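Heads up, the thing below is written out as structure tokens.
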Amino acid sequence: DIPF
Amino acid sequence: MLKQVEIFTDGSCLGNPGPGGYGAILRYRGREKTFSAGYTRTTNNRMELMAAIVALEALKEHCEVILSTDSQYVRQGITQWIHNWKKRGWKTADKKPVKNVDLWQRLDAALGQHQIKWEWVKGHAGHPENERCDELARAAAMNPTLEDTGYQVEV
């Protein structure tokens, strides 16, 4: 879910 | 909606040219990740571009980005030169390749990946993330492990  | 990410970037260099580094911080809903690396011979301006490039290229999907940087060089290129360049084939008015074209093109590509809002900060003071990327960048400059292979040596 964190895009990095 | 796009996920919103805050990005803070900074470059640092001990000469002109000299050893340098970049620092960058990505934050999504209060969760952070940091990036930095140090180069044996580069310029402050190239490190400022590199910081934004690495930060943006680390994103795994399209995002809304709040990109915060104290860099007048990056500001000046984003606001004033990039539009002309894309119209002129990345050439000066004089028909020669623009300084640091390798990195600007790479930054332009990464910018087209996302919805970017730029926040031009005036200094590191009161901007704890921007102060932290300075620290990351300086720390990297004092332990350089890579060559800035795109830097066309001017001296």
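Each chain in the structure tokens gets a letter, A, B and so on, in the order shown; residues start at 1 in every chain, and ligands are counted from 1 in the order they appear.
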- Message: For residue A:4, find every residue with an atom within 7 Å (counting only C-alpha atoms), except residues of its own chain fewer than 2 positions away, and show them as a PyMOL selection string.
- Response: (chain A and resi 2) or (chain B and resi 58-60)
Written selection (C-alpha atoms) as a PDB file, in the first residue's frame:
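Output (result_27.pdb):
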ATOM      1  CA  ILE A   2       2.935   2.378   0.545  1.00  0.00           C
TER       2      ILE A   2
ATOM      3  CA  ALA B  58      11.414   5.246  -6.569  1.00  0.00           C
ATOM      4  CA  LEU B  59       7.610   5.593  -6.860  1.00  0.00           C
ATOM      5  CA  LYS B  60       5.945   2.301  -7.897  1.00  0.00           C
TER       6      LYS B  60
END
- Message: So that I can check the surroundings of residue B:24, please list as number ranges by chain every protein, DNA and RNA residue that reaches within 10 Å of it, counting only C-alpha atoms and ignoring chain neighbours fewer than 4 positions away.
- Response: B: 7-11, 33-37, 48, 50-56, 68-69, 129-130, 132-134, 136-137
* What separation in Å, quoted to one decimal, exists between atom CA of residue B:15 and atom CA of residue B:44? ->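 If I compute the distance from atom CA of residue B:15 to atom CA of residue B:44, I get 8.0 Å.
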query: If you run DSSP on the backbone, which residues of stretch 29-135 of chain B are strand (DSSP E), as a list in words?
result: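 Result set for stretch 29-135 of chain B (strand (DSSP E)): residues 31, 32, 33, 34, 35, 36, 37, 38, 39, 40, 41, 42, 64, 65, 66, 67, 68, 69, 115, 116, 117, 118, 119 and 120 of chain B.
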Looking only at alpha helix (DSSP H) from DSSP on the backbone, list the matching residues of chain B as a ChimeraX atom specification. /B:44-57,72-76,82-88,101-111,128-141
### Query
To one decimal place, how far is atom CA of residue B:101 from atom CA of residue B:43 in Å?
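Interatomic distance, atom CA of residue B:101 to atom CA of residue B:43: 13.9 Å.
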Practice prompt. Would you kindly return, as a ChimeraX atom specification, each protein, DNA or RNA residue with an atom no farther than 9 Å from any atom of residue B:122, considering only C-alpha atoms and excluding same-chain residues fewer than 5 positions away?
Written response: /B:69-72
Nearby residues (only C-alpha atoms) at most 12 Å from residue A:3, same-chain spacing under 3 positions excluded, as a PyMOL selection string: chain B and resi 2-6+26-29+31-33+55-65
